[PDB]
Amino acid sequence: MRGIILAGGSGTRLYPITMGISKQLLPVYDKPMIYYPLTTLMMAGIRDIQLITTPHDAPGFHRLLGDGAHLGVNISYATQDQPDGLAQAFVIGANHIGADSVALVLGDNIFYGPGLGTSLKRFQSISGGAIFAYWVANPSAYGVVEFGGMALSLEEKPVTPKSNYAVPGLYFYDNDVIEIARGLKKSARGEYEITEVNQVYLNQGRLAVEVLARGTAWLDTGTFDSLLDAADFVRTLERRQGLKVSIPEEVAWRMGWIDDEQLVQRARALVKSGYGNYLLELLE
């Protein structure tokens, strides 16, 4: 299975913060935003990960991640000329995907909790599509899945939502998604829609939908309030429960993709922020 992080977009909902910088390079407490979706792929067992970025923001990502060898992975890059839809991930990313299955994660999404770690490897064998559902108070802000207990309908940002279940930005597909995505026309709102990709899998009878487990947090960081709330959550997990979450150096180390020497290496550079100290303790 190959991994893609959609990390472009104009970030208009964060202006003026994102006039000067990509949403995906914004801090969430103690690490760049892009670290969270990066680690979600890594935890699913994926080592070949492509970022799709705008042309103008790519150098930021290159400066931050290079080719990902320091994290035990192969990170590569592709460019999206304008932000004309999430379903373009599979078109732009088709070379990267090859003949494999794919996991797409959105660059502004944070997944945390039971079932959202190393157990995501269960999706590597995907046949058809697999997507998720997460109860929210305001479903009209998201893609929405309606159940009957199987999935019944999907709608992007419905003015009259048919459930309270948002569809988070993590999607697993077999290789058929490339042809599905290539065949899509632009929606009314001007975009190649991931919700329409999911519709085709649904029509065929091979969309699986799983409600995220009790105790899971899912966050989209695309508003001033949700970005700040995400940071507070991550800090709270460290201060109260002693956990640093989505630390790619740790995940790479726990998966065996880098050794102790390398871990120490990464830690030394990050000593002064406090981030590198966390890394050191993992050893002792």
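Residue numbers here begin at 1 and follow the sequence given.
A.B. asks: Gap size between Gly148 and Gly149, counting deposited residues with no coordinates: none, 1 to 3, 4 to 9, or 10 or more?
C.D. replies: Gap between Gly148 and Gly149: 1 to 3 residues without coordinates.
A.B. asks: Would 151-159 or 124-132 have the larger average of its C-alpha temperature factors, as given in the entry?
C.D. replies: Between 124-132 and 151-159, it is 151-159 that shows the higher mean C-alpha B-factor.
A.B. asks: Check the entry's C-alpha temperature factors for 205-213 and 169-177, then say which stretch has the higher mean.
C.D. replies: Comparing 205-213 with 169-177, the higher mean C-alpha B-factor belongs to 205-213.
A.B. asks: Highest Cα temperature factor in the entry, among the options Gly256, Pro37, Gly222, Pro248: which one is it?
C.D. replies: Of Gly256, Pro37, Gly222, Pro248, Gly256 has the highest C-alpha B-factor.
A.B. asks: Which has the highest CA B-factor per the PDB entry: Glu238, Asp232, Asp30, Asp67?
C.D. replies: Comparing C-alpha B-factors across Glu238, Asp232, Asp30, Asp67, the top value belongs to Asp67.
A.B. asks: Is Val102 in the lowest, middle or highest third of its chain when residues are ranked by C-alpha B-factor?
C.D. replies: Answer is lowest: the recorded C-alpha B-factor places it there.
A.B. asks: Ranked by Cα temperature factor within the chain, is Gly113 in the lowest third, the middle third or the highest third?
C.D. replies: Within its chain, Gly113 is a lowest-third residue by C-alpha B-factor, going by the deposited values.
A.B. asks: By its CA B factor, does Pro83 count among the lowest, middle or highest third of the modelled residues in the chain?
C.D. replies: According to the entry, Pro83 has a C-alpha B-factor in the chain's middle third.
A.B. asks: Lowest, middle or highest third of the chain for the C-alpha temperature factor of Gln265?
C.D. replies: As the PDB entry reports it, the C-alpha B-factor of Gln265 lands in the highest third of its chain.
A.B. asks: Quick check on the deposited entry: does the C-alpha B-factor of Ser273 sit in the lowest, middle or highest third of its chain?
C.D. replies: According to the entry, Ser273 has a C-alpha B-factor in the chain's highest third.
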